[PDB]
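K.L.:
Residue numbers (the entry's author numbering), protein chains in the order written: chain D1, 176 to 424, 431 to 762, 780 to 819; chain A2, 886 to 1045. Heads up, the beta-carbon is just placed ideally off N, CA and C, and yes, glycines get one too.
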Amino acid sequence: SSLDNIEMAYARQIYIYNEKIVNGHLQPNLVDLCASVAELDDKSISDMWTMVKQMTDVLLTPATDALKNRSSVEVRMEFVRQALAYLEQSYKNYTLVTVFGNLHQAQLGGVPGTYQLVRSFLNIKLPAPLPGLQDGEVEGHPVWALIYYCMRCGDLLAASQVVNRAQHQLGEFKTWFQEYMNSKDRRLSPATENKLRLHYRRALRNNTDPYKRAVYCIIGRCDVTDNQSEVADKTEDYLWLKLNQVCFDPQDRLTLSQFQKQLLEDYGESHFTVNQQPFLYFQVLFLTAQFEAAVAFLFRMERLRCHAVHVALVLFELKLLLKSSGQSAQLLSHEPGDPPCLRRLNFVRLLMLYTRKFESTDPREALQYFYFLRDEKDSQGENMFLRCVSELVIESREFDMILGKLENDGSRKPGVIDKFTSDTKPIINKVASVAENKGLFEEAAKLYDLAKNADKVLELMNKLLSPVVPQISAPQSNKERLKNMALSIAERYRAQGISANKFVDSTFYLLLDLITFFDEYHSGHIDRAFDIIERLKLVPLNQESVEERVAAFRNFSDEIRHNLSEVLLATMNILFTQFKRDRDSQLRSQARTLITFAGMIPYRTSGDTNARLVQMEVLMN
Amino acid sequence: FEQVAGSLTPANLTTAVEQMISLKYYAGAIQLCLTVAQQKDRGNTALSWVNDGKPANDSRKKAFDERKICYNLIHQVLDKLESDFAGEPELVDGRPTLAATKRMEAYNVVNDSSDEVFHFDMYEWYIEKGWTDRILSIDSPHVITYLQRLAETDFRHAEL
């Protein structure tokens, strides 16, 4: 097996999600089905899916195009809020593990109020007082530190409580903050927003209290260039600092498009992967709505291929992933007729790479991933899922497992693909078609016979029999192994009343009779073998039938005319033997008949055959 | 199948759709059902029979029933679609997954139809399943006009 522990667990989860859609059940939450395995690994992966769920848990317009949802200002706004809610809660967990040694340890004693937690967080991260703080303290801590880390944790209420106990010190900041907490989308009114920004810009552009600086332009979304590096030293603190500063419809203003493009264009992977920590960059791209970038990026880490494919599937089963129309493009690209700030993922290629790894010895699991390509076609019109099953069968040669083995008793035990579509007639011909083009007739027959395509089964069975008609049928020979399959196809084609056009069909049952004629001839059962050839009315034995038999030879399958030489000789040698054992006249007359027939028929080795036939007739007299 | 849509029997249609559903061919399955519905009634005897209040004893009922068998099968397709992709994300690494694109491709075929009895049957279906999500988001008056007739009749419809 080519699948690692983690990859295998995901496969099982994707089998469920397929079993549900294959039986018409409720469309379960894919993101939940993937996070179910994440908990079996380190929390590096669990915290990823947590971000994936929260970033995709946005009210969408079902049955709407992918590009439309992702271009709409409506959806683009909720992404920023879902991310900020993740950066705030994520930071809140950092504040817990900073005070208590373990999340469990914090829980048993009880998570304290965000206010008392933050206070018990300031104790550690600033034990001694910084001399540059302003506006005094509140219950033993600087008022601005409390406000910042409370807003950072996302509890505006806890921050407003701090403000209520410092009404005299904070001046007019109270009426401004109380408006920020009330107004939605973390924005103030243009009039009041103007009043505070100008005040900050007036004489507080450079204040000795960094926490004061941070809060002001987090509330006013100002000084976008100043990264407030004094308080936002971590990467998440930067993302959170900026997403609280982005704006929507000219100076000192930043928008999501600029920010998202500004980040990866100027400070690409190189900047965010110098510490050899891959998820850091992924979180930067995913929490900025650049899902295709983050997916391709994370898909290149050979250790995190599994995770990047699935986060692509989630975005794909939620009409959020922007697929690349052309299949000839690179993995990541920007369509020419699209804005430059969005990118597109060649989803078809993405799955095709992941599959090649475990498609060789783990076919069942491969199909589960090929199903997501059911909705796509290629330039030639083939259904992508169907084509992927053809290529996977041509390579793996797993016919019984994937296509269903058709035993020699008339049964068709369904295969693994039967689960996904009930119309399995084309691919069985596709797989049968190539194997036919590769001279693998004995297989192409079994495959064509699996799809009950007798036109092709009998055609190929005619080719495999004609060479072996006069041969000696011996144990385990190529004659027995082909005759016995032909008879197993004759019964199942009569018991089920199946037949190809009379040309293909007539020749097929005719060869089977001839194969019996030589099997009796090679055994010495002369009398019995003579009777068979007489029924077939293939070789004339009375002079009257020569005219009609000669005309019939003209339109009989060349697989029959080929073996005419051996038939005449065996029949002659049959009469020849019976002569040495009135009757003499009758054999003599029949001997003549064979000669005149052979004389009027142009066929294989007519030279040596016509001569031998004449000699055997002379010895009779 | 589409070339012989008008001749397809309920047994052959059902089996076909089911097989297509199993192979993740949702859009395709839906497109066949719509085509079959339109071919078994090109005069729209069904649309007029519904616009006339569905008078019992009338012989358009047959025409309406042959379309309802197609519409039901469409419900099964969409049902099995959300089921098969329950838990699957709509976006991975940024761009859309394959499970998402099949959802869009399927629902496209739905919103791309001009079969009116079909869209009525779908409004009723959305209401049934409880999807105030999508129905209140149509925009179209067609759905308003449809409700204006069915309002004085049912509480749930009047609320919509």
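#1: So is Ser654 (chain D1) buried or exposed if we call it buried at 16+ other beta carbons inside 10 Å?
#2: Below 8 Å on C-beta distance, what does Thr236 (chain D1) contact in chain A2?
#3: So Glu557 (chain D1) contacts chain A2; which residues on that side make the cut at Cβ distance below 9 Å?
#4: Take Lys370 (chain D1) and list the residues in its own chain whose beta-carbon comes closer than 8 Å to its own, dropping the five residues that flank it on each side.
#5: State the start and end residues of the unbroken alpha helix (DSSP H) segment that holds residue 779 (chain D1).
#6: Between which two residues does the alpha helix (DSSP H) containing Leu976 (chain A2) stretch?
#7: Determine, using beta carbons only, whether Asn643 (chain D1) and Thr688 (chain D1) come nearer to each other than 8 Å.
#8: Candidates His374 (chain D1), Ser647 (chain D1) and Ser560 (chain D1): which alpha carbon is nearest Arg742 (chain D1)'s?
#9: Closest Cβ-Cβ distance between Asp232 (chain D1) and chain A2: below 8 Å?
#10: Note the first and the last residue of the continuous alpha helix (DSSP H) segment covering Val250 (chain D1).
#11: For chain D1, find out if any of its Cβ atoms is closer than 8 Å to the Cβ of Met905 (chain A2); answer yes or no.
#12: When you check each C-beta in the segment 526–547 of chain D1 against every C-beta of chain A2, which residues fall closer than 7 Å?
#13: Going by DSSP in three states, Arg481 (chain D1) sits in which element: helix, strand or coil?
#14: Could you give the distance in angstroms between the alpha-carbon of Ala477 (chain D1) and the alpha-carbon of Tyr552 (chain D1)?
#15: Does the separation of the CB atoms of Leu645 (chain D1) and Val685 (chain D1) fall below 8 Å?
#16: Less than 8 Å between CB atoms is the rule here; does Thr894 (chain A2) satisfy it with respect to chain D1?
#17: Kindly list, in the order they appear in chain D1, the residues whose Cβ is closer than 8 Å to that of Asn996 (chain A2).
#18: Take every Cβ of the segment 936–946 of chain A2, pair it with every Cβ of the segment 898–913 of chain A2, and state whether three or more of those distances are shorter than 8 Å.
#19: Taking the alpha-carbon of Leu523 (chain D1) as reference, which of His200 (chain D1), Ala210 (chain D1), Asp179 (chain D1) and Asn244 (chain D1) has the nearest alpha-carbon?
#20: Do we get a CB-CB distance below 8 Å when we pair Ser968 (chain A2) with the residues of chain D1?
#21: Under 8 Å between C-beta atoms, does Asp964 (chain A2) make it to chain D1?
#22: Counting only beta-carbon separations shorter than 8 Å, does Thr469 (chain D1) have a partner in chain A2?
#23: Quick one: list the residues of chain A2 neighbouring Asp207 (chain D1), beta-carbon separation under 7 Å, in chain order.
#24: For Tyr192 (chain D1), return the contacting residues in chain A2, with the cut-off set at a CB-CB distance below 7 Å.
#25: Do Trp415 (chain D1) and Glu263 (chain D1) have their beta-carbon atoms positioned less than 8 Å apart in this structure?
#26: Just checking: is the beta-carbon of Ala1043 (chain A2) within a distance shorter than 8 Å of some beta-carbon in chain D1?
#27: Do the CB positions of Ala258 (chain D1) and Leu444 (chain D1) come within less than 8 Å of each other?
#28: Whole angstroms is fine: what's the gap from residue 820 (chain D1)'s alpha carbon to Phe460 (chain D1)'s?
#29: Any C-beta of chain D1 sitting closer than 8 Å to the C-beta of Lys1014 (chain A2)?
#30: For a contact meaning CB atoms closer than 7 Å, what does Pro317 (chain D1) contact in chain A2?
#31: Just mark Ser1025 (chain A2) as buried or exposed, buried being the case when its beta carbon has 16 or more other beta carbons within 10 Å.
#32: With DSSP collapsed to three states, give me the class of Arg790 (chain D1).
#33: Name the chain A2 residues whose beta carbon is nearer than 7 Å to that of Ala474 (chain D1)?
#34: Keeping to the same chain, check which residues put their C-beta closer than 6 Å to that of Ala751 (chain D1); ignore five residues upstream and five downstream.
#35: What residues from the segment 510–521 of chain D1 come within 9 Å of chain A2, judged by C-beta to C-beta, listed N to C?
#36: Report the neighbours of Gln961 (chain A2) on chain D1: residues whose CB is nearer than 7 Å to its CB, in chain order.
P.N.:
Taking the geometry as given:
#1: buried
#2: Within chain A2, the residues near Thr236 (chain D1) are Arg1019 and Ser1022.
#3: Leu983, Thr986, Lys987 and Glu990
#4: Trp351
#5: There are no atomic positions for residue 779 (chain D1) here, as chain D1 continues from 762 directly to 780.
#6: Segment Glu975 to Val977 is the beta strand (DSSP E) holding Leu976 (chain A2); no alpha helix (DSSP H) there.
#7: yes
#8: The residue with the shortest Cα to Cα distance from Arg742 (chain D1) is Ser647 (chain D1).
#9: No, no contact with chain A2.
#10: Going by DSSP, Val250 (chain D1) is part of the alpha helix (DSSP H) stretching over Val248 to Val274.
#11: yes
#12: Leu526, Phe528 and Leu532
#13: helix
#14: 21 Å
#15: no
#16: no
#17: Around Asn996 (chain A2), the beta-carbon contacts reaching into chain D1 at under 8 Å are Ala238.
#18: no
#19: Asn244 (chain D1)
#20: Yes, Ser968 (chain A2) counts as interfacial toward chain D1.
#21: yes
#22: no
#23: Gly972
#24: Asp969, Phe970, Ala971, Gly972 and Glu973
#25: yes
#26: no
#27: no
#28: Any answer about residue 820 (chain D1) is impossible in this case: the structure gives chain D1 only from 176 up to 819.
#29: no
#30: Simply none; closest approach about 41 Å.
#31: exposed
#32: helix
#33: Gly979
#34: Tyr702
#35: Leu513
#36: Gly199
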